[PDB]
């Protein structure tokens, strides 16, 4: 299996190039386009790494390419838990799809936030706001795919199933990878807690058997401080959870939030994923 990791929200986490150079990750998820909708100019935030609006992130394209030359997929994530977004109409979804196509993917723009590199796809991390028109958005982005240049689509729903914000989008059948967040939902009977692997194992079965995507990933916090709840000590993960979930036909690997908190976690579990 593969490890996917979020990057971009903590300037202390190392450069994107360094993250890829570790050799531990097959996907790096750049985060986030934090605000969007109602035809307004989106805001891109990468903490202290660089300032997209200032034009100082254009140097990131050499880092994106360094990742890609190592067969690592680099995705741009929309949303996140701290942002402010919603789509107001199908036309609004078309507007935002065009923005993403032209500014991050194989389209063209004179103000690409991260430079001339072509991101491998878009990660839907829709955690708040209204639930409407994300199916519209997914379909619009997928239609920009070419046989020469694939637009990957990935999604990060919360573990309660179905996910309120992403179910309609996921039901389009257009998503390649889904990394479910088995964290921050402590009362929902779907994530790990001390002495309880029953809920997460049951939720994993529900997700794998009810989703159209071809690859499903177990999304976890990389350290106790990376989330409010749900962190799994690595020996519990590798001893009690990975061997069972890896029997699923659609097991893709593990997703981690986030690079800042992953000083030892992926290193410890690498050969069991």
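Residue numbers count along the first chain shown, from 1.
Averaged over their C-alpha atoms, the temperature factors of 72-80 and 105-113 are higher for 105-113. For the pair 50-58 and 33-41, the mean B factor over Cα atoms is greater in 50-58. Remark: of 223, 213, 28, 218, 213 shows the highest value [criterion: C-alpha B-factor in the PDB entry].
Of all the options 154, 191, 142, 158, the entry's greatest CA B-factor is assigned to 142. Ranked by C-alpha B-factor against the other modelled residues of its chain, residue 88 falls in the highest third. Among all modelled residues in its chain, residue 262 ranks in the lowest third by Cα B-factor. Sorting the modelled residues of the chain by their CA temperature factor places residue 186 in the middle third.
Among all modelled residues in its chain, residue 148 ranks in the highest third by Cα B-factor.
Annotation for residue 15: CA B-factor lies in the lowest third of the chain's modelled residues.
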